[PDB]
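A short worksheet on the structure shown next.
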Amino acid sequence: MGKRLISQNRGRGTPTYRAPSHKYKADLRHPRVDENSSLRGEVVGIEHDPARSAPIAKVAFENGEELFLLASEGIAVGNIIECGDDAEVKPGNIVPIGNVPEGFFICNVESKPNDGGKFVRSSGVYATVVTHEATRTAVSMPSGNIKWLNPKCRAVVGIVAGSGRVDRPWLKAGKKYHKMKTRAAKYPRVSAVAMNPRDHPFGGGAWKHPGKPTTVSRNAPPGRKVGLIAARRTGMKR
Amino acid sequence: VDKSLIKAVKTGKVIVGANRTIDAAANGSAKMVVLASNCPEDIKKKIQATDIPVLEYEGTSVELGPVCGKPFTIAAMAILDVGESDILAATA
Amino acid sequence: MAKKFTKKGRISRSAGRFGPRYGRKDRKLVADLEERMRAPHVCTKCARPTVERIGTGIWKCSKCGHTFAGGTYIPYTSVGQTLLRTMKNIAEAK
RNA sequence: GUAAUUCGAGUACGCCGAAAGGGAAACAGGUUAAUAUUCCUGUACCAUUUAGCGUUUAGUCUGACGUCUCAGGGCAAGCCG
RNA sequence: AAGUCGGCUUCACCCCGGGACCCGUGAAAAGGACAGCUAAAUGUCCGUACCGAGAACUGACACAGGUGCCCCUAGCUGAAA
RNA sequence: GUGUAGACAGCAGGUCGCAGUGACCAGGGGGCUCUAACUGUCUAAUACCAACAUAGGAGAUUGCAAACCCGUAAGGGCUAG
RNA sequence: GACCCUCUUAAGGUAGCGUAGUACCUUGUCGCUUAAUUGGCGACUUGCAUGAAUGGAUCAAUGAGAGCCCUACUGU
Ligand SMILES: [Mg+2]
Ligand SMILES: [Mg+2]
Ligand SMILES: [Mg+2]
Ligand SMILES: [Mg+2]
Ligand SMILES: [Mg+2]
Ligand SMILES: [Zn+2]
């Protein structure tokens with residue numbers, strides 16, 4: 001048995017591949033609201049979240065419990081939020097996507113109703129509402145695809161803050177090193193062709209070349225799906 | 001509304017600043033009080049409590065300043081006596 | 001006005017702290033981004049230039065006290081500007 | 001759950017984990033062959049309980065925080081007449 | 001046995017405040033403060049000698065290695081340990 | 001001469017030796033090529049390199065009850081994403 | 001040594017570099033460097049068996065990397 005790969009080591013969950021959970025501030029989710037309820041609340045502070053490298057907002061609600069929230073751009077300390085079914089459309093509120101007009105930008109969209117939000121969450125991303133049929137609504141995801149969501153889904157209006165995070169090049173191994181200390185990723189990563197034939201399917205030889213084609217089928221067993229997994233095309237555009 | 005302020009600053013009694021305007025309004029000698037649009041809400045409480053007419057100004061205090069003749073910013077200004085001006089006619 | 005911009009000391013700007021490293025392209029990009037970041041930005045309530053960067057995407061007004069979330073390197077982004085323009089025109093048409 | 005356990009991840013309830021993290025309170029001198037803020041002389045200080053004499057504001061503050069760089073004040077050590 | 005006075009400097013120690021940097025944001029809980037004052041009584045348990053290293057540890061050794069250079073150190077020359 | 005000061009900087013004349021940073025301490029320099037951009041890592045005990053890493057460039061999978069992976073299962077890693 | 005043809009069992013090397021850390025023949029031929037050089041550098045090159053992210057060419061700063069030359073110095 002030539003040694004397992006890095007992906008299977010991540011599978012086991014050894015301490016080298018586990019996220020340092022105790023650093024993260026808090027989990028981000030929408031307020032839990034019963035049927036036919038509408039709770040409000042005004043921002044108390046704007047705070048930095050080390051799990052995403054973007055700001056988050058602290059909001060104190062009328063019942064008493066405060067929650068961190070995914071901060072859309074423009075959110076300022078003092079503004080009140082009106083999450084609920086009867087909310088109007090403004091930058092900051094949380095409203096169903098069924099009664100959001102076409103052309104408006106949204107973020108922190110849910111998959112099924114009352115999930116808290118799963119799509120459109122990294123820095124500066126956003127999605128759009130395209131069409132409103134009776135049973136579904138099509139939103140263009142930041143990847144570039146059309147998704148058909150339930151009309152009774154919740155999403156904050158605006159775009160996620162922190163836009164432009166990747167216009168600043170690293171230009172050092174040290175800065176990227178410092179980012180990786182608060183993530184589960186491993187840094188730095190050895191290249192496969194420089195290993196031994198025990199360690200990887202590509203290792204070995206008197207000179208460093210893959211030897212076999214890099215594209216691998218989708219049916220390859222675990223421990224072999226390394227390279228271009230089931231690629232449809234390769235190369236740049238000529 | 002705009003050219004009257006030129007004569008209000010040229011002639012008559014005027015005071016620039018929030019606190020002196022508060023004093024003039026409470027004393028009542030300030031016939032009218034002029035405020036900028038984006039002023040803090042903490043000032044509107046006195047301008048409603050004071051019986052003095054409340055002349056709005058559509059602009060912001062940042063450009064209100066230079067037109068009044070002062071490079072700095074003017075939040076609330078009162079004209080005690082108009083003299084050779086008719087800004088009061090704009091207000092009352 | 002500022003530090004000596006001699007016959008030479010004029011191209012690097014803030015990227016002159018890297019010395020002869022990292023190449024021309026990356027240094028130019030970082031320098032230009034830094035002159036955009038160090039700009040005298042303007043407030044939204046005060047309408048006075050007082051906004052500076054507190055953290056990653058956090059901005060504050062020195063005189064006004066107003067705190068808000070914006071871009072990572074610049075306070076206001078073009079997409080947010082477009083959203084404001086469109087929503088405000090829709091509201092004002094009503 | 002496992003054929004089954006002394007085996008196995010998670011959840012609930014507990015409980016442990018720092019003689020360099022947090023932390024209520026003591027100093028001088030003497031004494032012995034070998035112990036000393038521990039024994040002796042002097043002068044102090046802090047908690048829990050009991051009894052007497054009164055009272056909350058009870059929700060906040062503190063404990064409680066990175067790297068570099070600099071001004072101001074003070075002081076053990078040091079030096080001069 | 002004298003046991004009186006002045007002056008300079010002051011880190012590597014204490015207090016206090018400012019600035020810059022981050023695609024790094026730099027612990028938690030017990031405890032304490034805000035209502036206490038007076039009096040007597042109680043304050044159990046464990047460690048405490050000596051070495052801490054070119055002879056008291058570890059490498060079979062009274063071993064030129066390592067753990068510990070972990071934390072501290074006077075006068076002159078000299079930027080200076 | 002500067003400075004509140006500690007101190008620091010500068011001058012004029014005389015004079016000794018073979019030699020004045022007089023001992024201690026304390027870079028030899030230049031030119032033409034190959035190679036890796038650089039700072040970093042490495043066969044503990046024969047290999048400190050042109051090898052590994054790196055910022056930069058490009059490609060591929062996946063809209064989350066996802067892609068990739070661990071377990072016989074119960075359940076998990078990535079993921080407070 | 002062109003270019004019409006080929007052998008074209010898919011196509012038959014574009015820019016570049018070239019006796020190379022790759023050139024067997026080989027101490028390849030010529031120039032600068034020495035009294036004298038299987039060396040170093042430059043030029044040519046019919047490339048046994050160079051060539052474009054199996055990355056090509058060149059490159060300031062850096063190097064306990066690998067060669068050759070000058071000056072000072074010395075019991076090498
Ligand atoms: Mg194999
Ligand atoms: Mg304990
Ligand atoms: Mg190197
Ligand atoms: Mg390599
Ligand atoms: Mg020779
Ligand atoms: Zn402001």
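By order of appearance in the structure tokens: chains A, B, ..., then residues from 1 within every chain, and ligands from 1 in the order shown.
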
Report task. Select the residues contacting ligand 1 at a distance of at most 10 Å, based on only C-alpha atoms (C1' of nucleotides) and all ligand atoms, then format the selection as a ChimeraX atom specification. Result -> /A:1-3,196-204,223-224

Generate a file of the selected residues that holds C-alpha atoms, formatted as an mmCIF file, in the first residue's frame.
```
data_model
loop_
_atom_site.group_PDB
_atom_site.id
_atom_site.type_symbol
_atom_site.label_atom_id
_atom_site.label_comp_id
_atom_site.auth_asym_id
_atom_site.auth_seq_id
_atom_site.Cartn_x
_atom_site.Cartn_y
_atom_site.Cartn_z
ATOM 1 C CA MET A 1 0.000 0.000 0.000
ATOM 2 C CA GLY A 2 1.663 3.160 -1.205
ATOM 3 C CA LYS A 3 0.865 5.835 1.397
ATOM 4 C CA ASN A 196 8.097 9.455 -4.651
ATOM 5 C CA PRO A 197 5.924 6.782 -6.280
ATOM 6 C CA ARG A 198 4.651 5.691 -2.852
ATOM 7 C CA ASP A 199 3.265 9.130 -2.091
ATOM 8 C CA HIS A 200 1.338 10.030 -5.236
ATOM 9 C CA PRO A 201 0.318 8.554 -8.599
ATOM 10 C CA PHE A 202 2.528 11.123 -10.370
ATOM 11 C CA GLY A 203 5.732 10.747 -8.367
ATOM 12 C CA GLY A 204 8.986 9.109 -9.356
ATOM 13 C CA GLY A 223 -6.925 7.713 -3.939
ATOM 14 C CA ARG A 224 -6.736 8.213 -7.708
#
```

**Report entry** Test item: residues at most 10 Å from residue 32 (chain C), only C-alpha atoms (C1' of nucleotides), excluding those fewer than 3 positions along its chain, as a list in words
**Finding:**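 Listed by chain and then number, they are residues 12, 13, 14, 15, 27, 28, 29, 35, 36 and 37 of chain C.
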
Query raised in the report: Which of chain B counts as helix (DSSP H, G or I) under DSSP, as number ranges by chain please?
Result: B: 3-10, 18-27, 41-49, 61-67, 87-91

Requested in this report: For residue 38 (chain F), please output as a PyMOL selection string all residues within 12 Å (counting only C-alpha atoms (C1' of nucleotides); exclusion window: fewer than 6 positions along the same chain).
Outcome: (chain A and resi 171-173) or (chain C and resi 18-23) or (chain F and resi 54-55) or (chain G and resi 60-63)

Let's have the selection written as a PDB file, in the first residue's frame, with N, CA, C and O atoms (P, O5', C5', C4', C3', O3' and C1' of nucleotides).
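What ended up in result34.pdb:
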```
ATOM      1  N   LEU A 171       2.623  39.355  -2.915  1.00  0.00           N
ATOM      2  CA  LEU A 171       4.026  39.703  -3.168  1.00  0.00           C
ATOM      3  C   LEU A 171       4.985  39.200  -2.090  1.00  0.00           C
ATOM      4  O   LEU A 171       6.136  39.622  -2.043  1.00  0.00           O
ATOM      5  N   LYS A 172       4.560  38.268  -1.247  1.00  0.00           N
ATOM      6  CA  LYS A 172       5.432  37.650  -0.261  1.00  0.00           C
ATOM      7  C   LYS A 172       4.853  36.299   0.105  1.00  0.00           C
ATOM      8  O   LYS A 172       3.654  36.062  -0.032  1.00  0.00           O
ATOM      9  N   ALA A 173       5.717  35.413   0.577  1.00  0.00           N
ATOM     10  CA  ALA A 173       5.224  34.215   1.225  1.00  0.00           C
ATOM     11  C   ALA A 173       4.775  34.490   2.650  1.00  0.00           C
ATOM     12  O   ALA A 173       3.980  33.722   3.199  1.00  0.00           O
TER      13      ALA A 173
ATOM     14  N   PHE C  18      10.062  48.581  -0.443  1.00  0.00           N
ATOM     15  CA  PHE C  18      10.360  47.218  -0.844  1.00  0.00           C
ATOM     16  C   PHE C  18      11.737  47.066  -1.470  1.00  0.00           C
ATOM     17  O   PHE C  18      12.165  45.936  -1.710  1.00  0.00           O
ATOM     18  N   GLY C  19      12.438  48.160  -1.740  1.00  0.00           N
ATOM     19  CA  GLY C  19      13.751  48.084  -2.329  1.00  0.00           C
ATOM     20  C   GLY C  19      13.723  47.472  -3.711  1.00  0.00           C
ATOM     21  O   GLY C  19      12.760  47.630  -4.461  1.00  0.00           O
ATOM     22  N   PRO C  20      14.791  46.776  -4.083  1.00  0.00           N
ATOM     23  CA  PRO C  20      14.852  46.108  -5.392  1.00  0.00           C
ATOM     24  C   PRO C  20      14.268  44.698  -5.352  1.00  0.00           C
ATOM     25  O   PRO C  20      14.971  43.704  -5.533  1.00  0.00           O
ATOM     26  N   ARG C  21      12.967  44.602  -5.108  1.00  0.00           N
ATOM     27  CA  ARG C  21      12.332  43.303  -4.974  1.00  0.00           C
ATOM     28  C   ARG C  21      10.942  43.335  -5.582  1.00  0.00           C
ATOM     29  O   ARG C  21      10.318  44.389  -5.711  1.00  0.00           O
ATOM     30  N   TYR C  22      10.469  42.151  -5.956  1.00  0.00           N
ATOM     31  CA  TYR C  22       9.103  41.837  -6.341  1.00  0.00           C
ATOM     32  C   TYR C  22       8.747  42.328  -7.739  1.00  0.00           C
ATOM     33  O   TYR C  22       7.637  42.063  -8.189  1.00  0.00           O
ATOM     34  N   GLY C  23       9.637  43.014  -8.443  1.00  0.00           N
ATOM     35  CA  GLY C  23       9.390  43.378  -9.821  1.00  0.00           C
ATOM     36  C   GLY C  23       8.593  44.658  -9.963  1.00  0.00           C
ATOM     37  O   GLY C  23       8.038  45.200  -9.011  1.00  0.00           O
TER      38      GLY C  23
ATOM     39  P     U F  54       4.624  26.687  -2.769  1.00  0.00           P
ATOM     40  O5'   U F  54       5.036  28.218  -2.766  1.00  0.00           O
ATOM     41  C5'   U F  54       4.847  29.034  -1.623  1.00  0.00           C
ATOM     42  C4'   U F  54       5.631  30.312  -1.747  1.00  0.00           C
ATOM     43  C3'   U F  54       5.299  31.178  -2.948  1.00  0.00           C
ATOM     44  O3'   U F  54       4.223  32.061  -2.688  1.00  0.00           O
ATOM     45  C1'   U F  54       7.646  30.914  -2.767  1.00  0.00           C
ATOM     46  P     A F  55       2.716  31.716  -3.111  1.00  0.00           P
ATOM     47  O5'   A F  55       2.136  33.116  -3.591  1.00  0.00           O
ATOM     48  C5'   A F  55       2.239  34.278  -2.780  1.00  0.00           C
ATOM     49  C4'   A F  55       2.951  35.396  -3.500  1.00  0.00           C
ATOM     50  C3'   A F  55       2.482  35.684  -4.918  1.00  0.00           C
ATOM     51  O3'   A F  55       1.389  36.582  -4.948  1.00  0.00           O
ATOM     52  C1'   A F  55       4.845  35.486  -4.879  1.00  0.00           C
TER      53        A F  55
ATOM     54  P     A G  60      21.939  41.726 -15.175  1.00  0.00           P
ATOM     55  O5'   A G  60      21.719  42.749 -13.975  1.00  0.00           O
ATOM     56  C5'   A G  60      21.974  44.136 -14.139  1.00  0.00           C
ATOM     57  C4'   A G  60      21.156  44.969 -13.184  1.00  0.00           C
ATOM     58  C3'   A G  60      21.386  44.720 -11.704  1.00  0.00           C
ATOM     59  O3'   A G  60      22.522  45.396 -11.200  1.00  0.00           O
ATOM     60  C1'   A G  60      19.067  44.784 -12.142  1.00  0.00           C
ATOM     61  P     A G  61      23.376  44.763 -10.002  1.00  0.00           P
ATOM     62  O5'   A G  61      22.302  44.465  -8.871  1.00  0.00           O
ATOM     63  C5'   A G  61      21.995  45.428  -7.879  1.00  0.00           C
ATOM     64  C4'   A G  61      21.120  44.843  -6.802  1.00  0.00           C
ATOM     65  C3'   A G  61      21.705  43.685  -6.012  1.00  0.00           C
ATOM     66  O3'   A G  61      22.585  44.088  -4.982  1.00  0.00           O
ATOM     67  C1'   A G  61      19.538  43.121  -6.707  1.00  0.00           C
ATOM     68  P     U G  62      23.732  43.093  -4.462  1.00  0.00           P
ATOM     69  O5'   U G  62      22.950  41.780  -4.023  1.00  0.00           O
ATOM     70  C5'   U G  62      22.377  41.674  -2.731  1.00  0.00           C
ATOM     71  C4'   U G  62      21.701  40.342  -2.520  1.00  0.00           C
ATOM     72  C3'   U G  62      22.609  39.132  -2.402  1.00  0.00           C
ATOM     73  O3'   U G  62      23.209  38.999  -1.127  1.00  0.00           O
ATOM     74  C1'   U G  62      20.828  38.627  -3.855  1.00  0.00           C
ATOM     75  P     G G  63      24.634  38.276  -0.977  1.00  0.00           P
ATOM     76  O5'   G G  63      24.389  36.807  -1.536  1.00  0.00           O
ATOM     77  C5'   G G  63      23.555  35.888  -0.841  1.00  0.00           C
ATOM     78  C4'   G G  63      23.791  34.467  -1.281  1.00  0.00           C
ATOM     79  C3'   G G  63      25.232  33.981  -1.144  1.00  0.00           C
ATOM     80  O3'   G G  63      25.247  32.623  -0.708  1.00  0.00           O
ATOM     81  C1'   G G  63      24.518  33.712  -3.371  1.00  0.00           C
TER      82        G G  63
END
```

Requested in this report: For ligand 4, collect every residue having any atom at a distance of at most 9 Å from a ligand atom (counting only C-alpha atoms (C1' of nucleotides) and all ligand atoms); output as a ChimeraX atom specification.
Outcome: /A:194 /F:51-53

List all protein, DNA and RNA residues that have at least one atom no more than 12 Å from any atom of ligand 2, counting only C-alpha atoms (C1' of nucleotides) and all ligand atoms, and write them as a PDB file with N, CA, C and O atoms (P, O5', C5', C4', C3', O3' and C1' of nucleotides), in the first residue's frame.
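So the final result, stored in out04.pdb, reads:
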```
ATOM      1  P     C D  15     -19.725  19.042  38.511  1.00  0.00           P
ATOM      2  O5'   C D  15     -18.281  18.443  38.214  1.00  0.00           O
ATOM      3  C5'   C D  15     -17.823  17.286  38.894  1.00  0.00           C
ATOM      4  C4'   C D  15     -16.689  16.620  38.159  1.00  0.00           C
ATOM      5  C3'   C D  15     -15.415  17.429  37.999  1.00  0.00           C
ATOM      6  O3'   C D  15     -14.601  17.416  39.157  1.00  0.00           O
ATOM      7  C1'   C D  15     -15.983  16.458  35.934  1.00  0.00           C
ATOM      8  P     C D  16     -13.606  18.635  39.476  1.00  0.00           P
ATOM      9  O5'   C D  16     -12.368  18.405  38.504  1.00  0.00           O
ATOM     10  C5'   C D  16     -11.338  17.494  38.844  1.00  0.00           C
ATOM     11  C4'   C D  16     -10.542  17.076  37.635  1.00  0.00           C
ATOM     12  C3'   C D  16      -9.416  17.994  37.202  1.00  0.00           C
ATOM     13  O3'   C D  16      -8.251  17.849  37.990  1.00  0.00           O
ATOM     14  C1'   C D  16     -10.634  17.249  35.312  1.00  0.00           C
ATOM     15  P     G D  17      -7.185  19.041  38.088  1.00  0.00           P
ATOM     16  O5'   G D  17      -6.766  19.318  36.581  1.00  0.00           O
ATOM     17  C5'   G D  17      -5.848  18.478  35.897  1.00  0.00           C
ATOM     18  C4'   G D  17      -5.489  19.034  34.541  1.00  0.00           C
ATOM     19  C3'   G D  17      -5.004  20.471  34.522  1.00  0.00           C
ATOM     20  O3'   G D  17      -3.641  20.589  34.880  1.00  0.00           O
ATOM     21  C1'   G D  17      -6.623  20.187  32.844  1.00  0.00           C
ATOM     22  P     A D  18      -3.162  21.634  35.997  1.00  0.00           P
ATOM     23  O5'   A D  18      -2.459  22.772  35.152  1.00  0.00           O
ATOM     24  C5'   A D  18      -1.246  22.533  34.458  1.00  0.00           C
ATOM     25  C4'   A D  18      -0.436  23.795  34.384  1.00  0.00           C
ATOM     26  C3'   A D  18      -0.267  24.507  35.723  1.00  0.00           C
ATOM     27  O3'   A D  18       1.015  25.132  35.804  1.00  0.00           O
ATOM     28  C1'   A D  18      -1.384  25.925  34.207  1.00  0.00           C
TER      29        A D  18
ATOM     30  P     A E  30     -17.797  33.265  36.057  1.00  0.00           P
ATOM     31  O5'   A E  30     -16.751  32.985  37.223  1.00  0.00           O
ATOM     32  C5'   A E  30     -16.945  31.919  38.141  1.00  0.00           C
ATOM     33  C4'   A E  30     -15.753  31.751  39.053  1.00  0.00           C
ATOM     34  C3'   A E  30     -15.602  32.773  40.165  1.00  0.00           C
ATOM     35  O3'   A E  30     -16.430  32.518  41.283  1.00  0.00           O
ATOM     36  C1'   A E  30     -13.531  32.498  39.086  1.00  0.00           C
TER      37        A E  30
END
```

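Selected on chain C by distance to chain B: residues 42, 43, 44, 45, 46, 47, 48, 49 and 64 of chain C (within 12 Å, counting only C-alpha atoms).
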
Expected file: the selected residues, N, CA, C and O atoms, as a CSV table (one decimal), in the first residue's frame:
```
chain,number,residue,atom,x,y,z
C,42,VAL,N,-14.7,61.6,1.9
C,42,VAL,CA,-15.7,62.5,2.3
C,42,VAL,C,-16.8,61.8,3.0
C,42,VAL,O,-17.1,60.6,2.7
C,43,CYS,N,-17.4,62.4,4.0
C,43,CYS,CA,-18.4,61.8,4.8
C,43,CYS,C,-19.8,61.9,4.1
C,43,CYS,O,-19.9,62.5,3.1
C,44,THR,N,-20.8,61.2,4.7
C,44,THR,CA,-22.1,61.2,4.1
C,44,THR,C,-23.1,62.0,4.9
C,44,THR,O,-24.0,62.6,4.4
C,45,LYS,N,-22.9,62.1,6.2
C,45,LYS,CA,-23.7,63.0,7.1
C,45,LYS,C,-23.0,64.3,7.2
C,45,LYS,O,-23.6,65.4,6.9
C,46,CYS,N,-21.7,64.3,7.6
C,46,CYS,CA,-21.0,65.6,7.7
C,46,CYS,C,-20.9,66.3,6.4
C,46,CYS,O,-21.0,67.6,6.4
C,47,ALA,N,-20.6,65.6,5.4
C,47,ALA,CA,-20.1,66.2,4.1
C,47,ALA,C,-18.8,67.0,4.3
C,47,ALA,O,-18.6,67.9,3.6
C,48,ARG,N,-18.0,66.5,5.2
C,48,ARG,CA,-16.7,67.0,5.5
C,48,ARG,C,-15.7,65.9,5.4
C,48,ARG,O,-15.9,64.8,5.8
C,49,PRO,N,-14.5,66.1,4.8
C,49,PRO,CA,-13.5,65.0,4.6
C,49,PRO,C,-12.9,64.6,5.9
C,49,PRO,O,-12.0,65.2,6.5
C,64,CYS,N,-17.4,63.4,12.8
C,64,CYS,CA,-18.8,63.0,12.9
C,64,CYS,C,-19.0,61.8,13.8
C,64,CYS,O,-20.1,61.8,14.5
```

Query raised in the report: Quick one: residues within 9 Å of residue 229 (chain A), only C-alpha atoms (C1' of nucleotides) counted, chain neighbours fewer than 6 positions away excluded, as number ranges by chain?
Result: A: 214-218; F: 60-61

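Among the candidates F:2, F:35, F:72, F:46, the one nearest to ligand 3 when counting only C-alpha atoms (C1' of nucleotides) and all ligand atoms is F:35.
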
Requested in this report: Can you check which residues of region 17-227 of chain A DSSP gives as strand (DSSP E) on the backbone and send them as a PyMOL selection string?
Outcome: chain A and resi 41-49+54-61+66-70+80-81+94-96+105-107+127-132+137-140+146-149+154-157+215-216

Query raised in the report: Can I get the residues close to ligand 5 as a list in words, where close means within 10 Å and we count only C-alpha atoms (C1' of nucleotides) and all ligand atoms?
Result: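 Result of the 10 Å neighbour search around ligand 5: residues 37, 39 and 68 of chain G.
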
**Report entry** Near-region 73-86 of chain C list (8 Å; only C-alpha atoms (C1' of nucleotides); drop same-chain fewer than 4 positions) as a ChimeraX atom specification
**Finding:** /A:73,104-105,158-159,163-165 /C:33,36-37,41,56-57,59,69,90

Requested in this report: When you get a sec, could you note down which chain A residues fall within 9 Å of chain C, using only C-alpha atoms, as a PyMOL selection string?
Outcome: chain A and resi 45-48+53-57+71-77+90-91+103-105+123-124+158-165+167-172

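Residues in contact range of residue 187 (chain A), defined as at most 12 Å between only C-alpha atoms (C1' of nucleotides), with sequence neighbours fewer than 4 positions away removed, read residues 16, 17, 173, 174, 175, 176, 177, 178, 179, 180, 181, 182 and 183 of chain A; 53 and 54 of chain F.
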
Need the shell around region 75-83 of chain B: protein/DNA/RNA residues with any atom at most 6 Å away, counting only C-alpha atoms (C1' of nucleotides). Skip same-chain ones fewer than 6 positions apart. Format as a compact mmCIF listing (two decimals) with C-alpha atoms, in the first residue's frame?
```
# COMPACT_ATOMS: atom_id res chain seq x y z
CA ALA B 8 -28.08 89.87 6.49
CA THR B 11 -25.96 94.65 7.74
CA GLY B 12 -28.08 93.91 10.79
CA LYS B 13 -27.46 91.69 13.78
CA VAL B 14 -26.44 88.07 13.12
CA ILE B 15 -24.70 85.38 15.18
CA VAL B 16 -23.10 82.21 13.81
CA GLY B 17 -22.89 79.02 15.84
CA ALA B 18 -25.23 76.61 17.59
CA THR B 21 -28.23 80.76 18.39
CA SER B 29 -34.30 88.71 20.29
CA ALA B 30 -33.44 86.52 17.29
CA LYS B 31 -36.40 87.27 15.03
CA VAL B 33 -33.37 81.26 13.00
CA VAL B 34 -31.89 79.70 9.85
CA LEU B 35 -30.72 76.09 9.85
CA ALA B 36 -28.97 73.83 7.36
CA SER B 61 -23.82 73.33 6.31
```

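Shortest atom-to-atom contact with ligand 3 among F:26, F:7, F:44, F:50: F:50, counting only C-alpha atoms (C1' of nucleotides) and all ligand atoms.
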
Query raised in the report: Which value, in Å to one decimal, gives the distance between CA of residue 9 (chain B) and CA of residue 84 (chain B)?
Result: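 Answer for the CA of residue 9 (chain B) to CA of residue 84 (chain B) separation: 9.6 Å.
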
Query - Counting only C-alpha atoms (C1' of nucleotides), the residue of A:6, A:227, A:156, A:13 that sits nearest chain D - result: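 Result for the nearest residue to chain D: A:13.
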